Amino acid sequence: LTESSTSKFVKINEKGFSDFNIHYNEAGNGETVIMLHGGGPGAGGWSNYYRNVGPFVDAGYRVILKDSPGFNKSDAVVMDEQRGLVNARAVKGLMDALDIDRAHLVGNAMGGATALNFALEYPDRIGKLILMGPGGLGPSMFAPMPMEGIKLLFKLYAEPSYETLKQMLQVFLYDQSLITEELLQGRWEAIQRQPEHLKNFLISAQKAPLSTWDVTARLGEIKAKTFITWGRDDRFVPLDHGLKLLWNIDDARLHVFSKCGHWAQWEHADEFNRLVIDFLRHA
């Protein structure tokens, strides 16, 4: 499987979106799992999940790696509402366009917020819910905010440079030996390719700050079986939010990886794939 061989586009039409182009990477043909990426500059479906797509497909799932609005190859957009909710509407739009009745969702960070909003807004359209360090869940009981990683994300959006990208990735990942030339060059290309997405993201963030994303008060509504993962060493979203979700969602479990930053599905891909595939099969 490659980015090119799996690449597809679909126009969506859903509450606010009109003939809006969504890019996604699709492989496999079984039960649908939609994987939703984080909000960093240059983020996208393939780049965030390419270590996961193969094993999930091998396990018999149809995997859709979705580019959220205003990221990668999806259409440019300025959002005046919190991104989790707007992104969730776009997932629903994609599912309607592709005739998908129910999907399992996997979401990291912004994608975790998207998945939570989707579960809240469209409970009859979700199977299981997999959350990796979801963002926007209000204050931490321990971590000063904005967190270290978030400050760097905003620096890189506002003043993109190769050096600042490197600094961000050093904070993003626990094991520094994972920061290869390939990773750096690839992430730098995606930032250079879409400067309009960078500008639009910053405008959107002024209109709807991270405080507007907090859906904590509604977590008791979630009826989906939920698997929460966290990196022990995540400098972007606070570990105690893993506990917040575990206490507030009816049927959840929490798995914390040691020696792991903000990209658990990539930093601990083998363990992540095994645990999440087992969850989808047996929970």
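Numbering starts at 1 and runs along the sequence shown.
Higher average CA B factor in the deposited record is what I'm after, so tell me if that's 54-62 or 223-231. Averaging CA B-factors over each stretch, the winner is 54-62.
Decide which of the stretches 25-33 and 238-246 has the higher mean C-alpha B-factor, going by the entry. According to the entry, 25-33 carries the higher average C-alpha B-factor.
Of 84, 149, 133, 209, which one's C-alpha B factor is largest in the deposited record? Highest C-alpha B-factor among the listed options: 209.
Among the choices 194, 114, 140, 74, identify the one whose CA B-factor in the record is greatest. Largest recorded C-alpha B-factor: 194.
Third of chain Cα B-factors occupied by residue 217: Its C-alpha B-factor, which the entry lists for residue 217, ranks in the highest third among residues of this chain.
Position of residue 126 among the chain's modelled residues by C-alpha B-factor, lowest, middle or highest third: It belongs to the middle third of the chain when residues are ordered by C-alpha B-factor.
Mind checking which third residue 15 falls in for C-alpha B-factor across the chain? Highest third.
Should residue 162 be placed in the lowest, middle or highest third of its chain by the C-alpha B factor in the entry? It belongs to the highest third of the chain when residues are ordered by C-alpha B-factor.
Residue 70 by Cα B-factor - lowest, middle or highest third of the modelled chain: Lowest third - that is where residue 70 ends up once the chain's C-alpha B-factors are sorted.
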